[PDB]
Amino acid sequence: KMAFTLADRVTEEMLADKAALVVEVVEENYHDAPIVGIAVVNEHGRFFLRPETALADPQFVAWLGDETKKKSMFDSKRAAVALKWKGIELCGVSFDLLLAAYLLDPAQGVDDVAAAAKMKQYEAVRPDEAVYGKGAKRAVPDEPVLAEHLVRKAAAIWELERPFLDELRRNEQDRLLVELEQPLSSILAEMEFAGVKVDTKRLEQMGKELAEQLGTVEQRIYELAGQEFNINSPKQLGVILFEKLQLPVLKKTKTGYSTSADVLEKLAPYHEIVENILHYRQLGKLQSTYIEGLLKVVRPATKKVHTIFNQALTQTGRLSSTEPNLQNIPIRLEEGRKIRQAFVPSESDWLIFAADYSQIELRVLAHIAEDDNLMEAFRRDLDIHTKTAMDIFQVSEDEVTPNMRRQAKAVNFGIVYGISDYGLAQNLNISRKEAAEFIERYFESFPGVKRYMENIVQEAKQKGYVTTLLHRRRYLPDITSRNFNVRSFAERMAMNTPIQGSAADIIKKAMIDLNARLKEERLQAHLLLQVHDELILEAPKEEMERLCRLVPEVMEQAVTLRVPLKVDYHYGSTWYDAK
(Lines of atoms letter the chains of each structure in order from A and count residues from 1; the text may use other names and numbers.)
(Lines give C-alpha, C1' and ligand atoms only; values in the text may rest on other atoms or scores of the structure.)
Protein backbone atom coordinates (compact mmCIF):
# COMPACT_ATOMS: atom_id res chain seq x y z
CA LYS A 1 0.00 0.00 0.00
CA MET A 2 3.14 2.18 -0.07
CA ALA A 3 5.43 1.69 -3.05
CA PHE A 4 9.15 1.14 -2.56
CA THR A 5 12.14 -0.63 -4.09
CA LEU A 6 13.25 -3.67 -2.10
CA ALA A 7 16.81 -3.22 -3.27
CA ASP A 8 19.44 -5.95 -3.68
CA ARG A 9 22.37 -3.54 -3.98
CA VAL A 10 23.12 0.11 -3.30
CA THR A 11 22.58 2.53 -6.22
CA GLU A 12 23.62 6.13 -6.79
CA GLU A 13 20.14 7.57 -6.47
CA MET A 14 20.08 6.14 -2.91
CA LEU A 15 22.93 8.55 -2.08
CA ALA A 16 21.28 11.93 -2.70
CA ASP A 17 22.37 14.81 -0.51
CA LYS A 18 19.10 14.90 1.47
CA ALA A 19 17.16 11.89 2.72
CA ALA A 20 15.03 10.48 5.47
CA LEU A 21 16.96 7.53 6.92
CA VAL A 22 15.84 4.67 9.15
CA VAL A 23 18.50 2.38 10.64
CA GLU A 24 16.32 0.02 12.61
CA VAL A 25 17.43 -1.33 16.01
CA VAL A 26 14.60 -3.21 17.71
CA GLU A 27 16.29 -4.09 21.01
CA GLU A 28 15.53 -1.49 23.66
CA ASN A 29 19.18 -1.31 24.78
CA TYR A 30 20.88 -0.53 21.46
CA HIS A 31 24.48 -1.18 22.58
CA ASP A 32 26.00 -3.89 20.35
CA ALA A 33 22.54 -4.66 19.04
CA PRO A 34 21.58 -5.99 15.62
CA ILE A 35 20.52 -3.60 12.89
CA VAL A 36 17.53 -5.36 11.33
CA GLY A 37 16.85 -3.21 8.27
CA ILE A 38 17.47 0.11 6.54
CA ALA A 39 15.18 2.48 4.65
CA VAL A 40 15.97 5.58 2.63
CA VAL A 41 13.40 8.03 1.27
CA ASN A 42 14.57 10.91 -0.90
CA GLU A 43 13.67 12.80 -4.08
CA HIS A 44 14.32 9.72 -6.25
CA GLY A 45 12.09 7.26 -4.43
CA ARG A 46 11.77 4.96 -1.43
CA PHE A 47 14.29 2.19 -0.82
CA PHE A 48 14.69 -0.72 1.58
CA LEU A 49 18.18 -2.16 2.06
CA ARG A 50 19.26 -5.27 3.92
CA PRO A 51 21.96 -4.25 6.41
CA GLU A 52 24.39 -7.06 5.48
CA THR A 53 24.53 -5.56 2.00
CA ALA A 54 24.25 -1.83 2.77
CA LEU A 55 26.72 -1.64 5.65
CA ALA A 56 29.36 -3.62 3.72
CA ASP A 57 29.02 -1.32 0.70
CA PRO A 58 31.84 1.27 0.73
CA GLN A 59 29.77 3.96 -1.06
CA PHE A 60 26.86 3.63 1.38
CA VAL A 61 29.21 3.72 4.38
CA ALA A 62 30.87 6.82 2.91
CA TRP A 63 27.46 8.45 2.41
CA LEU A 64 26.53 7.65 6.04
CA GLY A 65 29.70 9.41 7.21
CA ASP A 66 29.54 12.48 4.94
CA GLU A 67 28.31 15.47 6.96
CA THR A 68 27.28 17.22 3.70
CA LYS A 69 24.73 14.45 2.94
CA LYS A 70 21.89 15.54 5.20
CA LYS A 71 19.72 12.92 6.91
CA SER A 72 16.38 13.34 8.65
CA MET A 73 15.79 10.62 11.27
CA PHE A 74 13.91 9.62 14.42
CA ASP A 75 16.14 8.83 17.47
CA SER A 76 19.39 9.33 15.58
CA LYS A 77 21.47 8.57 18.72
CA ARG A 78 20.10 4.99 18.76
CA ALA A 79 21.27 4.56 15.15
CA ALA A 80 24.59 6.33 15.64
CA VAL A 81 25.54 4.18 18.62
CA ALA A 82 24.44 0.89 16.98
CA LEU A 83 26.52 1.90 13.95
CA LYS A 84 29.53 2.78 16.14
CA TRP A 85 29.36 -0.80 17.45
CA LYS A 86 29.67 -1.90 13.78
CA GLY A 87 32.64 0.39 13.24
CA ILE A 88 30.58 2.81 11.11
CA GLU A 89 30.29 6.57 11.65
CA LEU A 90 27.04 8.46 11.05
CA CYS A 91 27.26 12.19 10.28
CA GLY A 92 25.05 14.83 8.74
CA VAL A 93 21.85 14.29 10.74
CA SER A 94 20.07 17.64 10.23
CA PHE A 95 16.65 16.80 11.71
CA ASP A 96 15.72 14.40 14.53
CA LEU A 97 11.95 13.89 14.77
CA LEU A 98 12.15 12.48 18.32
CA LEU A 99 13.86 15.61 19.63
CA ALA A 100 11.52 17.89 17.66
CA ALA A 101 8.45 16.21 19.18
CA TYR A 102 10.08 16.31 22.63
CA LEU A 103 10.64 20.09 22.42
CA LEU A 104 7.12 20.71 21.12
CA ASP A 105 5.55 18.78 24.01
CA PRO A 106 7.42 16.54 26.46
CA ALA A 107 4.14 15.28 27.94
CA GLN A 108 3.21 13.44 24.73
CA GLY A 109 5.63 10.69 25.73
CA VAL A 110 6.58 10.26 22.07
CA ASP A 111 8.52 7.03 21.76
CA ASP A 112 8.01 6.09 18.10
CA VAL A 113 7.47 7.68 14.72
CA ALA A 114 3.74 6.95 14.76
CA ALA A 115 3.27 8.90 18.00
CA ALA A 116 5.16 11.92 16.64
CA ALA A 117 3.23 11.80 13.35
CA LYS A 118 -0.08 11.76 15.25
CA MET A 119 0.82 15.24 16.53
CA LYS A 120 0.44 16.52 12.93
CA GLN A 121 -2.54 14.32 11.92
CA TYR A 122 -0.26 11.98 9.90
CA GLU A 123 -1.33 8.39 10.41
CA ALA A 124 0.04 6.42 7.41
CA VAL A 125 2.51 4.56 9.65
CA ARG A 126 2.02 1.94 12.33
CA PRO A 127 3.18 2.04 15.96
CA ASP A 128 6.36 0.01 16.48
CA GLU A 129 4.53 -2.08 19.08
CA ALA A 130 1.89 -3.16 16.57
CA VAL A 131 4.66 -4.36 14.25
CA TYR A 132 7.06 -6.04 16.65
CA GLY A 133 4.68 -7.19 19.40
CA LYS A 134 5.07 -7.13 23.16
CA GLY A 135 7.14 -9.04 25.70
CA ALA A 136 7.69 -12.73 25.00
CA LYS A 137 5.93 -12.42 21.63
CA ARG A 138 8.26 -9.65 20.44
CA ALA A 139 9.79 -10.51 17.08
CA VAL A 140 11.10 -9.04 13.85
CA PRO A 141 8.33 -9.69 11.31
CA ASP A 142 8.93 -11.22 7.88
CA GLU A 143 10.99 -9.05 5.51
CA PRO A 144 8.07 -7.68 3.40
CA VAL A 145 6.21 -6.56 6.54
CA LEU A 146 9.44 -5.16 8.05
CA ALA A 147 10.42 -3.36 4.86
CA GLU A 148 7.07 -1.59 4.51
CA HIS A 149 7.18 -0.50 8.17
CA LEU A 150 10.66 1.03 7.86
CA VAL A 151 9.76 2.69 4.54
CA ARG A 152 6.54 4.10 6.03
CA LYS A 153 8.54 5.45 8.96
CA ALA A 154 11.03 7.09 6.59
CA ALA A 155 8.22 8.56 4.48
CA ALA A 156 6.62 10.01 7.62
CA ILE A 157 9.92 11.64 8.61
CA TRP A 158 10.30 13.05 5.09
CA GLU A 159 6.84 14.62 5.25
CA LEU A 160 6.94 15.79 8.86
CA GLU A 161 10.21 17.75 8.97
CA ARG A 162 8.68 20.96 7.58
CA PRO A 163 5.54 21.10 9.78
CA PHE A 164 7.64 20.28 12.87
CA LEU A 165 10.23 22.98 12.08
CA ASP A 166 7.46 25.52 11.41
CA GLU A 167 5.92 24.95 14.82
CA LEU A 168 9.36 24.92 16.51
CA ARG A 169 10.06 28.29 14.86
CA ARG A 170 6.76 29.70 16.14
CA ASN A 171 7.66 28.53 19.66
CA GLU A 172 11.18 30.09 19.42
CA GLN A 173 12.59 26.55 19.69
CA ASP A 174 14.12 26.04 16.24
CA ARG A 175 17.61 27.00 17.39
CA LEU A 176 16.99 24.95 20.54
CA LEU A 177 16.59 21.87 18.29
CA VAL A 178 19.32 22.55 15.73
CA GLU A 179 22.00 24.27 17.82
CA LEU A 180 21.51 22.49 21.19
CA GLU A 181 19.61 19.20 21.26
CA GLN A 182 20.84 17.76 17.92
CA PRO A 183 24.54 18.56 18.55
CA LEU A 184 24.11 17.21 22.07
CA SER A 185 22.71 13.96 20.67
CA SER A 186 25.99 13.30 18.84
CA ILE A 187 28.01 14.08 21.99
CA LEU A 188 25.87 11.71 24.08
CA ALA A 189 26.39 9.00 21.42
CA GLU A 190 30.17 9.35 21.84
CA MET A 191 29.84 9.22 25.64
CA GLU A 192 27.63 6.14 25.69
CA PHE A 193 29.84 4.28 23.21
CA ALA A 194 33.04 5.14 25.08
CA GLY A 195 31.57 3.77 28.30
CA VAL A 196 33.18 3.82 31.73
CA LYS A 197 35.73 1.26 32.89
CA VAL A 198 34.84 -0.69 36.04
CA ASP A 199 37.23 -2.46 38.45
CA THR A 200 35.23 -5.68 38.76
CA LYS A 201 37.61 -7.30 41.23
CA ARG A 202 37.04 -4.45 43.68
CA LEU A 203 33.26 -4.65 43.22
CA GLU A 204 33.25 -8.45 43.55
CA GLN A 205 35.28 -8.18 46.76
CA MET A 206 33.00 -5.48 48.19
CA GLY A 207 30.08 -7.76 47.36
CA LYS A 208 31.67 -10.58 49.37
CA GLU A 209 32.13 -8.28 52.36
CA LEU A 210 28.61 -6.89 52.06
CA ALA A 211 27.13 -10.39 52.19
CA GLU A 212 28.94 -11.02 55.49
CA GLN A 213 27.93 -7.72 57.09
CA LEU A 214 24.36 -8.40 55.91
CA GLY A 215 24.04 -11.67 57.85
CA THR A 216 25.41 -10.05 61.02
CA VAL A 217 22.83 -7.25 60.94
CA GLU A 218 20.14 -9.71 59.86
CA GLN A 219 20.68 -11.94 62.91
CA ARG A 220 20.71 -8.90 65.20
CA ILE A 221 17.32 -7.95 63.70
CA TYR A 222 15.85 -11.44 64.25
CA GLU A 223 17.28 -11.31 67.77
CA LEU A 224 15.85 -7.86 68.54
CA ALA A 225 12.57 -8.95 66.94
CA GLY A 226 12.51 -11.94 69.29
CA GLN A 227 11.84 -14.03 66.18
CA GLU A 228 12.87 -14.61 62.57
CA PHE A 229 10.93 -13.13 59.65
CA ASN A 230 11.25 -11.71 56.13
CA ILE A 231 12.73 -8.27 56.82
CA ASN A 232 11.79 -7.25 53.27
CA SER A 233 8.11 -8.22 53.79
CA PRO A 234 5.82 -5.22 54.51
CA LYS A 235 3.25 -7.58 56.05
CA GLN A 236 5.70 -9.16 58.46
CA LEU A 237 7.71 -5.98 59.03
CA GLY A 238 4.64 -3.88 59.76
CA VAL A 239 3.37 -6.71 61.95
CA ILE A 240 6.67 -6.91 63.82
CA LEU A 241 7.02 -3.15 64.38
CA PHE A 242 3.46 -1.97 64.85
CA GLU A 243 1.71 -5.09 66.21
CA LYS A 244 4.26 -7.23 68.08
CA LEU A 245 6.48 -4.39 69.32
CA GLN A 246 3.50 -1.98 69.32
CA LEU A 247 5.48 0.97 68.00
CA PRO A 248 3.44 4.12 67.24
CA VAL A 249 1.91 4.32 63.77
CA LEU A 250 3.06 7.62 62.28
CA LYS A 251 2.02 7.08 58.65
CA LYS A 252 0.10 4.64 56.46
CA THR A 253 0.25 3.74 52.79
CA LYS A 254 -2.63 2.77 50.52
CA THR A 255 -1.67 -0.82 51.43
CA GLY A 256 -0.77 -0.55 55.11
CA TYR A 257 1.82 0.67 57.59
CA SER A 258 4.57 2.82 56.16
CA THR A 259 8.15 1.81 56.97
CA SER A 260 9.92 4.55 55.02
CA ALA A 261 13.24 5.79 56.37
CA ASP A 262 11.75 9.05 57.66
CA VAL A 263 9.25 7.03 59.70
CA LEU A 264 11.89 4.64 60.99
CA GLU A 265 14.15 7.54 61.96
CA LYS A 266 11.39 8.99 64.16
CA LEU A 267 10.97 5.59 65.87
CA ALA A 268 14.63 5.37 66.91
CA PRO A 269 13.82 6.64 70.45
CA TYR A 270 11.37 3.75 70.87
CA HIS A 271 13.29 0.63 69.85
CA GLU A 272 16.83 -0.22 68.75
CA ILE A 273 15.54 -2.47 65.97
CA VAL A 274 14.55 0.36 63.62
CA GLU A 275 18.08 1.62 63.04
CA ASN A 276 19.23 -1.95 62.38
CA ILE A 277 16.49 -2.21 59.74
CA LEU A 278 17.87 1.04 58.24
CA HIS A 279 21.42 -0.35 58.21
CA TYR A 280 20.11 -3.59 56.70
CA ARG A 281 18.29 -1.81 53.85
CA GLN A 282 21.23 0.45 53.03
CA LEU A 283 23.56 -2.56 52.79
CA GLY A 284 21.06 -4.49 50.70
CA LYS A 285 20.60 -1.46 48.41
CA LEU A 286 24.35 -1.37 47.79
CA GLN A 287 24.40 -5.13 47.28
CA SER A 288 21.49 -5.50 44.87
CA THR A 289 21.60 -2.25 42.87
CA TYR A 290 25.25 -1.22 42.84
CA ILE A 291 27.27 -4.44 43.23
CA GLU A 292 25.12 -7.14 41.62
CA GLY A 293 23.30 -4.80 39.24
CA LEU A 294 26.53 -3.22 38.04
CA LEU A 295 28.34 -6.55 37.50
CA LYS A 296 25.40 -7.78 35.44
CA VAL A 297 25.89 -5.04 32.85
CA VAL A 298 29.68 -4.87 32.63
CA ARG A 299 30.93 -6.06 29.24
CA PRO A 300 33.38 -8.74 30.44
CA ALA A 301 35.92 -8.37 27.61
CA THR A 302 36.43 -4.61 28.12
CA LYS A 303 35.27 -4.18 31.75
CA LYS A 304 33.10 -1.24 30.56
CA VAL A 305 29.52 -0.25 31.38
CA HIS A 306 27.64 1.59 28.63
CA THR A 307 24.73 3.63 29.96
CA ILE A 308 22.00 5.04 27.75
CA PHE A 309 21.24 8.74 28.29
CA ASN A 310 17.54 9.26 27.51
CA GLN A 311 17.38 12.71 25.96
CA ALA A 312 13.64 12.84 25.30
CA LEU A 313 12.12 11.63 28.57
CA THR A 314 12.07 14.15 31.44
CA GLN A 315 9.44 16.86 31.63
CA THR A 316 12.01 19.56 32.51
CA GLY A 317 14.72 18.93 29.89
CA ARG A 318 17.07 16.97 32.12
CA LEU A 319 18.63 13.78 30.87
CA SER A 320 18.03 10.46 32.55
CA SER A 321 20.40 7.48 32.56
CA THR A 322 19.41 3.81 32.22
CA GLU A 323 20.87 0.31 32.41
CA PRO A 324 22.86 1.11 34.35
CA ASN A 325 21.75 4.43 35.85
CA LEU A 326 25.05 6.22 36.38
CA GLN A 327 23.41 9.40 37.70
CA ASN A 328 22.57 7.88 41.12
CA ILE A 329 25.82 6.16 42.15
CA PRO A 330 26.09 6.48 45.96
CA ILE A 331 28.06 9.34 47.48
CA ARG A 332 26.52 10.57 50.73
CA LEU A 333 27.32 7.70 53.13
CA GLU A 334 30.97 6.74 53.35
CA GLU A 335 30.12 3.04 52.91
CA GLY A 336 28.19 3.63 49.68
CA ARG A 337 30.62 6.23 48.34
CA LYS A 338 33.37 3.60 48.13
CA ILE A 339 31.53 2.07 45.14
CA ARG A 340 32.95 5.02 43.14
CA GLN A 341 36.42 3.56 43.72
CA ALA A 342 35.48 0.89 41.18
CA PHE A 343 34.94 3.52 38.44
CA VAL A 344 38.37 3.90 36.83
CA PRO A 345 39.99 5.52 33.79
CA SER A 346 39.87 3.43 30.66
CA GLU A 347 43.61 3.72 29.89
CA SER A 348 46.82 3.51 31.87
CA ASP A 349 48.12 6.86 33.13
CA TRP A 350 44.77 8.54 32.50
CA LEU A 351 42.76 10.21 35.29
CA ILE A 352 39.10 11.07 36.09
CA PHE A 353 38.18 14.79 36.11
CA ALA A 354 34.87 15.99 37.63
CA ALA A 355 33.37 19.50 37.49
CA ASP A 356 30.08 20.71 39.01
CA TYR A 357 28.13 23.99 39.08
CA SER A 358 27.88 25.43 42.61
CA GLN A 359 24.31 26.18 43.80
CA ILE A 360 23.12 26.07 40.24
CA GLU A 361 19.35 26.38 40.59
CA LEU A 362 19.62 29.16 43.19
CA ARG A 363 21.86 31.17 40.84
CA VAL A 364 19.38 30.58 38.00
CA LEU A 365 16.52 31.60 40.30
CA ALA A 366 18.34 34.80 41.31
CA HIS A 367 18.75 35.74 37.64
CA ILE A 368 15.20 34.86 36.59
CA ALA A 369 13.49 36.35 39.64
CA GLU A 370 15.89 39.35 39.72
CA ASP A 371 15.75 39.22 43.51
CA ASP A 372 18.08 41.98 44.73
CA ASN A 373 19.25 40.16 47.86
CA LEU A 374 19.75 36.76 46.19
CA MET A 375 21.65 38.35 43.31
CA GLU A 376 23.79 40.25 45.83
CA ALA A 377 24.45 36.96 47.69
CA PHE A 378 25.85 35.28 44.60
CA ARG A 379 27.80 38.37 43.52
CA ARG A 380 29.52 37.88 46.90
CA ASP A 381 29.95 34.14 46.15
CA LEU A 382 28.08 33.32 49.36
CA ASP A 383 27.21 29.67 50.02
CA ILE A 384 23.45 29.91 50.66
CA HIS A 385 23.21 26.23 51.64
CA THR A 386 25.82 26.68 54.39
CA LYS A 387 24.24 29.99 55.45
CA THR A 388 20.83 28.32 55.72
CA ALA A 389 22.38 25.46 57.71
CA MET A 390 23.95 27.95 60.15
CA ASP A 391 20.51 29.50 60.71
CA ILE A 392 18.60 26.20 60.97
CA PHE A 393 20.94 24.34 63.32
CA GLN A 394 22.11 27.47 65.19
CA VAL A 395 25.81 26.80 64.62
CA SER A 396 28.67 28.82 63.20
CA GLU A 397 30.01 28.42 59.67
CA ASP A 398 32.86 26.26 60.98
CA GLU A 399 30.42 23.86 62.70
CA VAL A 400 28.33 23.04 59.59
CA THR A 401 28.83 19.36 58.63
CA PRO A 402 28.36 17.83 55.17
CA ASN A 403 25.14 16.30 56.49
CA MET A 404 23.79 19.56 57.88
CA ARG A 405 24.53 21.26 54.56
CA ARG A 406 22.77 18.44 52.70
CA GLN A 407 19.74 19.03 54.92
CA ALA A 408 19.73 22.83 54.47
CA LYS A 409 19.88 22.20 50.71
CA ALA A 410 16.49 20.45 50.85
CA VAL A 411 15.14 23.35 52.96
CA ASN A 412 16.31 25.97 50.42
CA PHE A 413 14.80 24.17 47.43
CA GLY A 414 11.77 23.07 49.44
CA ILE A 415 10.88 26.65 50.30
CA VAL A 416 11.33 28.16 46.83
CA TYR A 417 9.38 25.29 45.22
CA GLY A 418 6.43 25.57 47.58
CA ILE A 419 6.97 23.29 50.57
CA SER A 420 4.30 23.82 53.25
CA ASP A 421 4.74 24.48 56.97
CA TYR A 422 3.67 20.88 57.57
CA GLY A 423 6.28 19.42 55.20
CA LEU A 424 9.08 21.63 56.51
CA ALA A 425 8.17 20.81 60.12
CA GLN A 426 8.26 17.08 59.34
CA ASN A 427 11.67 17.42 57.66
CA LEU A 428 13.42 19.43 60.35
CA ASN A 429 11.52 17.69 63.20
CA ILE A 430 10.51 21.12 64.46
CA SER A 431 7.24 22.71 65.48
CA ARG A 432 4.81 23.51 62.70
CA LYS A 433 4.42 27.18 63.64
CA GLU A 434 8.20 27.43 63.88
CA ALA A 435 8.31 26.09 60.31
CA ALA A 436 5.75 28.65 59.12
CA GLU A 437 7.67 31.48 60.77
CA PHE A 438 10.94 30.33 59.18
CA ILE A 439 9.21 30.31 55.79
CA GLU A 440 7.84 33.83 56.26
CA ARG A 441 11.32 34.99 57.36
CA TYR A 442 12.81 33.40 54.24
CA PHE A 443 10.53 35.37 51.93
CA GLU A 444 11.21 38.57 53.91
CA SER A 445 14.87 38.24 52.88
CA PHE A 446 13.98 37.22 49.30
CA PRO A 447 10.79 39.14 48.38
CA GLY A 448 11.66 38.99 44.69
CA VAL A 449 11.61 35.19 44.82
CA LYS A 450 8.11 35.31 46.33
CA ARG A 451 6.88 37.76 43.66
CA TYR A 452 8.40 35.52 41.01
CA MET A 453 6.60 32.42 42.36
CA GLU A 454 3.31 34.36 42.27
CA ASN A 455 3.89 35.83 38.81
CA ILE A 456 4.95 32.58 37.16
CA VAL A 457 1.80 30.81 38.37
CA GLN A 458 -0.25 33.62 36.80
CA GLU A 459 1.73 33.47 33.56
CA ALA A 460 1.19 29.69 33.37
CA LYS A 461 -2.57 30.22 33.82
CA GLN A 462 -2.62 32.91 31.12
CA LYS A 463 -0.44 31.14 28.52
CA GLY A 464 -1.11 27.50 29.42
CA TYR A 465 2.63 26.66 29.64
CA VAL A 466 5.90 27.84 31.17
CA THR A 467 9.30 28.14 29.52
CA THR A 468 13.00 28.01 30.32
CA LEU A 469 15.76 30.49 29.43
CA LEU A 470 16.45 28.75 26.09
CA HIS A 471 12.70 28.36 25.32
CA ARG A 472 12.08 24.78 26.41
CA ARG A 473 8.35 24.43 27.14
CA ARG A 474 6.06 22.52 29.50
CA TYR A 475 2.28 22.69 29.17
CA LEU A 476 0.42 22.80 32.50
CA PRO A 477 -3.29 22.21 31.78
CA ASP A 478 -3.92 21.23 35.42
CA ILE A 479 -3.03 24.77 36.55
CA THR A 480 -6.69 25.77 36.03
CA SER A 481 -8.18 22.59 37.50
CA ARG A 482 -10.97 23.10 40.00
CA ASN A 483 -9.57 20.29 42.16
CA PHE A 484 -7.37 21.98 44.76
CA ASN A 485 -4.78 19.22 45.02
CA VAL A 486 -4.45 18.77 41.23
CA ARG A 487 -4.13 22.52 40.76
CA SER A 488 -1.57 22.76 43.59
CA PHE A 489 0.75 20.13 42.05
CA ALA A 490 0.57 22.06 38.78
CA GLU A 491 1.43 25.35 40.53
CA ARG A 492 4.54 23.81 42.03
CA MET A 493 5.49 22.61 38.54
CA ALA A 494 5.12 26.18 37.28
CA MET A 495 7.48 27.26 40.09
CA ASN A 496 10.08 24.53 39.57
CA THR A 497 10.23 23.76 35.81
CA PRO A 498 11.61 27.11 34.50
CA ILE A 499 14.44 26.89 37.04
CA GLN A 500 15.37 23.22 36.83
CA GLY A 501 14.84 23.32 33.07
CA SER A 502 17.04 26.39 32.61
CA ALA A 503 19.80 24.66 34.61
CA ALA A 504 19.40 21.72 32.20
CA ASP A 505 19.70 24.13 29.24
CA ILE A 506 22.92 25.62 30.60
CA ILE A 507 24.77 22.35 31.23
CA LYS A 508 23.74 21.12 27.76
CA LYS A 509 25.21 24.22 26.14
CA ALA A 510 28.30 23.81 28.31
CA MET A 511 28.76 20.27 26.96
CA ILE A 512 28.67 21.44 23.33
CA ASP A 513 31.06 24.33 24.01
CA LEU A 514 33.40 21.99 25.93
CA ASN A 515 33.56 19.42 23.13
CA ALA A 516 34.32 22.20 20.63
CA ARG A 517 37.05 23.52 22.89
CA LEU A 518 38.65 20.10 23.47
CA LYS A 519 38.78 19.51 19.73
CA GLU A 520 40.26 22.98 19.17
CA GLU A 521 43.06 22.37 21.70
CA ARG A 522 43.57 18.88 20.18
CA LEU A 523 43.19 17.22 23.57
CA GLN A 524 42.55 13.52 24.11
CA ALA A 525 40.28 14.32 27.07
CA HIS A 526 36.64 13.36 26.55
CA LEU A 527 33.32 13.37 28.38
CA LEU A 528 32.11 10.21 30.09
CA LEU A 529 29.04 11.24 32.10
CA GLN A 530 26.66 14.06 32.82
CA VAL A 531 24.99 14.07 36.24
CA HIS A 532 22.53 17.01 35.81
CA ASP A 533 24.88 19.85 36.79
CA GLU A 534 28.15 17.86 36.75
CA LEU A 535 30.43 16.76 33.91
CA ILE A 536 32.76 13.75 34.33
CA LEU A 537 35.69 13.35 31.95
CA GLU A 538 38.79 11.22 31.63
CA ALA A 539 42.09 12.32 30.12
CA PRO A 540 45.82 11.51 30.05
CA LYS A 541 47.46 12.70 33.26
CA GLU A 542 49.52 15.10 31.13
CA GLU A 543 46.33 17.03 30.22
CA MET A 544 45.02 17.62 33.77
CA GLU A 545 46.60 21.03 34.38
CA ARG A 546 45.24 22.36 31.10
CA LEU A 547 41.79 20.92 31.95
CA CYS A 548 41.79 22.62 35.37
CA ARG A 549 41.67 25.93 33.52
CA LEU A 550 39.76 24.86 30.42
CA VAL A 551 36.72 23.04 31.82
CA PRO A 552 35.71 25.55 34.55
CA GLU A 553 36.02 28.44 32.11
CA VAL A 554 33.89 26.77 29.43
CA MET A 555 31.20 25.89 31.98
CA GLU A 556 31.27 29.35 33.61
CA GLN A 557 30.91 31.09 30.24
CA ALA A 558 28.23 28.81 28.77
CA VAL A 559 25.65 31.59 29.36
CA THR A 560 25.89 35.10 30.82
CA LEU A 561 23.47 35.64 33.70
CA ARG A 562 22.99 38.59 36.07
CA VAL A 563 25.06 36.60 38.62
CA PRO A 564 28.28 34.66 38.01
CA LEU A 565 28.24 30.95 37.50
CA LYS A 566 30.73 29.10 39.68
CA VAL A 567 32.29 25.69 39.05
CA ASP A 568 33.91 23.32 41.57
CA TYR A 569 36.28 20.70 40.17
CA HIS A 570 38.54 17.80 41.20
CA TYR A 571 40.53 15.02 39.55
CA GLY A 572 42.02 11.71 40.59
CA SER A 573 42.75 8.05 39.92
CA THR A 574 39.13 6.92 40.37
CA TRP A 575 35.75 8.61 40.39
CA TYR A 576 35.88 8.38 44.19
CA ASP A 577 39.07 10.47 44.23
CA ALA A 578 37.72 13.08 41.84
CA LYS A 579 36.17 14.97 44.77
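We number the residues from 1 along the sequence you see.
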Report task. Return whichever of 316-324 and 121-129 has the greater mean Cα B factor according to the PDB record. Result -> 121-129
Requested in this report: Using the B-factors recorded in the PDB entry, average over the C-alpha atoms of 392-400 and of 102-110, then report which stretch comes out higher.
Outcome: 392-400
Requested in this report: For the C-alpha B-factor as written in the entry, point me to the maximum among 530, 42, 515, 53.
Outcome: 53
Report task. Select one of 251, 379, 461, 169: the residue whose C-alpha shows the highest B-factor in the crystal structure entry. Result -> 251
Query raised in the report: What third of its chain, lowest, middle or highest, does the C-alpha temperature factor of residue 241 fall into?
Result: highest
Query raised in the report: Looking at the C-alpha B-factor of residue 538, is it in the lowest, middle or highest third of its chain?
Result: lowest
Query raised in the report: Comparing residue 483 with the other modelled residues of its chain, is its CA B-factor in the lowest, middle or highest third?
Result: highest
Query raised in the report: Hey, what third does residue 65 fall into on Cα B-factor, ranked over its chain?
Result: middle
Query raised in the report: Against its chain's modelled residues, does residue 181's Cα B factor rank lowest, middle or highest third?
Result: lowest
